[PDB]
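A.B. asks: The structure that follows is given in the form of structure tokens.
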Amino acid sequence: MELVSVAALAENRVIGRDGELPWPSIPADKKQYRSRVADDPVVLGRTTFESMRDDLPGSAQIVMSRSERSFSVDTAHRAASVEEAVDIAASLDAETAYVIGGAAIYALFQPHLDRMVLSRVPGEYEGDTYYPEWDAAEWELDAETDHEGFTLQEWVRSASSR
């Protein structure tokens, strides 16, 4: 039941462009983005849901919505705040629930993601939304993995002042 933030950069400060990822020829980003997100609960927003209606990314579709709707699927659940998505991650038992994007979902949740797993994509790639107020000296680094077109960084937080 721990909580981890899952983004993809295109140079230009972007963590999901309100709610689409339309960039093919790179399936190596979507090998680490879909080996964290395999068969367990996925925290995301109400834009990227209107793409995620054909296949679900893993085994519970957690969906942030400022007009609170009942969605008819197999095991889907909507969310209002930080508490409305934490108590369903406690009741589903699972290794770690995971925050996709886009940007106003990322803003309210970073005060409660105690790990971070972004895949930095190097080259000539586009962007629309931006990073909000994230921690530039007080996010500490656990592991980096270099590849032909993606850098995964696994992060653990400062841990101090507790």
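According to its header, this structure was worked out by solution NMR.
Placed from the backbone N, Cα and C atoms, the Cβ positions cover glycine too.
The NADP(+) binding site annotation in Swiss-Prot covers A8, 14-20, 47-48, 67-68, 101-108, and the record cites similarity to another entry as its basis. As annotated by Swiss-Prot, substrate binding site applies to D29.
Can you walk me through where each of these features ends up in the structure?
C.D. replies: A 10 Å cutoff on Cβ-Cβ distances gives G19 (NADP(+) binding site) a total of 20 other Cβ atoms nearby, all chains included.
Within its own chain, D29 (substrate binding site) has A8, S119, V121, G149, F150 as residues 6 or more apart in sequence whose C-beta sits under 8 angstroms from its own.
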A.B. asks: Find, for the listed binding-site residues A8, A104, the residue with the lowest Cβ contact count at a 10 Å cut-off, counting only other Cβ atoms.
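C.D. replies: Among the binding-site residues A8, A104, the sparsest Cβ neighbourhood within 10 Å belongs to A104.
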A.B. asks: Enumerate same-chain residues with a sequence separation of six or more from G101 (NADP(+) binding site) and a Cβ-Cβ distance below 8 A; give 'none' if the list is empty.
C.D. replies: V6, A7, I15, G16, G19, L44, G45, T48, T129
A.B. asks: When DSSP states are folded down to helix, strand and coil, where does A104 (NADP(+) binding site) land?
C.D. replies: helix
A.B. asks: Which state, by DSSP, holds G16 (NADP(+) binding site): helix, strand or coil?
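C.D. replies: DSSP call for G16 (NADP(+) binding site): coil, neither helix nor strand.
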